Structures are given as C-alpha cells and as structure tokens.
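To start, the structure under review is shown below, and the notes come after it.
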Number of protein chains: 2
Amino acid sequence: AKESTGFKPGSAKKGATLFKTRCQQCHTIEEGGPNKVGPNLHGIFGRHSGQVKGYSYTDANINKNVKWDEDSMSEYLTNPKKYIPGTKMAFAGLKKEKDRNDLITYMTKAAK
Amino acid sequence: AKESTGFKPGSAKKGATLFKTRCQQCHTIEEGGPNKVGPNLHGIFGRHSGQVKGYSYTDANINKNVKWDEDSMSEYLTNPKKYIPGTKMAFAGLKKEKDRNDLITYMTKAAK
Ligand code: HEC
Ligand code: HEC
C-alpha cells in the first residue's frame, strides 16, 4: 500500500548509519559486492524478489515476486516475516516510519 | 495494490499495438521524444508523476506524487480519473486485465 505508505524522503546520512548498524551484518549494497547471510542489494529497486544469481532464497521470497519499489520496501521493513511468511531474513523490522524513510533514502541512492 | 494487481508479463508485440491505437494520439515513448497532448513517457517507470520538464500538468497529477511502477500503472490504466481525480488525461481506461498486462509489458520495455 504505496499510497498508504506515502513514503517521504529522509536523511540519506541517517539512512547510511541505519544500514550499517542494521543490515550490514548480513548484506552488502555496493555494485559487485558479494552475497553473505543475505544477498547483495545493489540494483534492488530495479528488481523483483528472489533473483540475485548464486543466492539461495526460500521458496517464500521467490514465490512472493515482489517488485521492490520504496512503498514495497517500507511494508517489508516494518515486518519482513509479516510481508513474507516463510522468509529466512531474521530481523524484527523497523517500526518507526521515520526510521524506514531515512533508510530507504540511503538504499535508494546507494543501491543505484 | 500491487499485490492485488499481481501484474503478469504479457505480449510486448501486443502491447506495442495497443500503444499505437491508444496512447500514441497523445504520447511518445521514445528517448528524447517531445511532449504532445500528454507528456513523453520515456523513463516513466523510473519516475514519479508530474516531473517531465516543460510539460504543464494539473495540480492533481503533481500532487498525486505517484512512483510509477507496473502495479501503479495497472490501477491508473483501469481508470485514470479514478486513480487521479482532477487529471486532464482523457481516456476511459483499459478495463480488461489482459489488455493492461500486454500494454505495460511493452511500456516497460519501450520506455527504458
Ligand atoms: C541477517 C540476520 C539479516 C539482516 C540484519 C537483514 N537481512 Fe535482509 N535478508 C536476510 C536473508 C536471510 C534474506 C533472504 C530471505 C529469504 O527468505 O530468502 C534477506 C533478504 C532481504 C531482501 C530481499 C531481497 C531479494 O532479492 O528478494 C531485502 C530487500 C532485504 N533483505 C533487506 C534488508 C535490509 C534493508 C536490512 C536492514 C534493516 C536487512 N535486510 C536486514 C538476512 C538479513
Ligand atoms: C490524449 C487524449 C491521451 C491519451 C490517448 C492518453 N493519455 Fe496519457 N496523458 C494525457 C494527459 C492530458 C496527461 C496529463 C494529465 C494531467 O493531469 O497532467 C497524461 C498523463 C499520462 C501519465 C502520467 C505521466 C506523469 O509524468 O505523471 C501516464 C503514465 C499516461 N498519461 C499514460 C498513458 C497511456 C499508457 C496511454 C494509452 C492507453 C494514455 N496515457 C492515453 C493524455 C492522454
């Protein structure tokens, strides 16, 4: 629910730091970075869920076929399991809206 | 409602022809095409509503701030006025789902 989301741009600075303290443990975002616990996120926005080559996803994520946009990412980050029952991503999610906007700001930039 | 949409790839061939008999009257999709009744659509997918330079949009579309994805485009095409009360785009919309998938297929390709 994109509209619902109505995602607003935030602090890319801020996003940068939430990435490190929260997604870096398991993911890279750099162009040409490798998979790790989670898959490399470079190019995420221009792609559906479950397609980075050489990464083994759950049927759940593959089947989910999400077209990752910022409204999409926003739901998913509040509760990944909730957005994708069966996913193996282990993280409670980002509950504050502000948090998610900052992050997605960075992501949107870093991942391009 | 992307999920709802669950947009499936269709016939780009088919999409090509529905573009001509239906959107070409008012739009171009080619990279570097000009505005006309409607704005040039090249790059649509990577953009929000109301940002092609030199085109005069209604406050309605500007204000709508749509992040054009394929799920987005799908709602909009069933009833643009419905998706954007106030818009000046004059077209009843594409009622059959099949129609919309074909079109969006092309669009997604042509507009890149
Ligand atoms: C390790 C404990 C993780 C942390 C911290 C974060 N994520 Fe993750 N991510 C992890 C796994 C195991 C998986 C795959 C799940 C599966 O079921 O296959 C993922 C997947 C993602 C995805 C989907 C990618 C796709 O190509 O479909 C996204 C968009 C994602 N992860 C983003 C993300 C962000 C932004 C994080 C920080 C808040 C984050 N994840 C944390 C494991 C882990
Ligand atoms: C002329 C009678 C039109 C035809 C046929 C189609 N569209 Fe159109 N389009 C038209 C106008 C006057 C406008 C702007 C409306 C406003 O309120 O400003 C538009 C706008 C669009 C948009 C939004 C673009 C943006 O940058 O925000 C899209 C995505 C769009 N039109 C697509 C589209 C397609 C795919 C069509 C064929 C089925 C189509 N339109 C028909 C005018 C006219």
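Read-outs throughout are calculated quantities, based only on the coordinates presented, and are distinct from any laboratory measurement. Reconstructed Cβ throughout: ideal geometry from the backbone, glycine too, with neighbour counts over all protein chains shown.
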>> Looking only at residues that are more than 14 Å from chain B (Cβ to nearest Cβ) and of a type in the set (A, V, I, L, M, F, W, C) in segment A:21-46, which one is farthest from B:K64 (Cα to Cα)?
In response: A:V37
> Going through segment A:47-77 one residue at a time, which ones are away from every other protein chain (no Cβ under 14 Å), crowded, with 18+ Cβ neighbours inside 10 Å and polar (S, T, N, Q)?
Replying inline: A:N61
>> Give me the residue from segment B:87-99 that is touching a residue at least 40 places away in the same chain (Cβ under 8 Å) and not in a loop (DSSP other than H, G, I, E, B) and, out of that set, surrounded by the most Cβ atoms within 10 Å (Cβ to Cβ).
In response: B:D99
> Do you know which of the residues in segment A:78-90 that are within 14 Å of another protein chain (Cβ to nearest Cβ) and not aliphatic (A, V, I, L, M) is farthest from A:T105 (Cα to Cα)?
Replying inline: A:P85
>> For segment A:3-30, give me each residue that is among the charged types (D, E, K, R) and under 15 Å from the mean Cα position of the chain (by Cα).
In response: A:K20, A:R22, A:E30
> So which residues in segment A:1-20 are more than 9 Å from ligand 1 (Cβ to nearest atom) and more than 14 Å from chain B (Cβ to nearest Cβ), if there are any at all?
Replying inline: A:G10, A:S11, A:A12, A:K13, A:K14, A:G15, A:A16, A:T17, A:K20
> With respect to B:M107, is the statement that it is crowded, with 20+ Cβ neighbours inside 10 Å and either assigned to a helix (DSSP H, G or I) or among the hydroxyl-bearing types (S, T, Y) (or both) true?
Replying inline: yes
> What helices (runs of 4 or more DSSP H) completely inside segment A:1-86 contain at least 3 residues that are hydroxyl-bearing (S, T, Y)?
Replying inline: A:70-78
>> What pairs come out if I take residues in segment B:39-57 that are of a type in the set (S, T, N, Q) and pair them with residues that are surrounded by fewer than 18 Cβ atoms within 10 Å (Cβ to Cβ) whose C-beta lies under 7 Å away, six or more apart or interchain?
In response: B:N40/B:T28; B:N40/B:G33; B:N40/B:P34; B:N40/B:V52; B:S49/B:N65
>> I'm checking my understanding of the structure. Among residues of segment B:27-46 that are near ligand 2 (Cβ under 7 Å from one of its atoms) and more than 18 Å from B:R100 (Cβ to Cβ), which one is surrounded by the fewest Cβ atoms within 10 Å (Cβ to Cβ)?
In response: B:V37
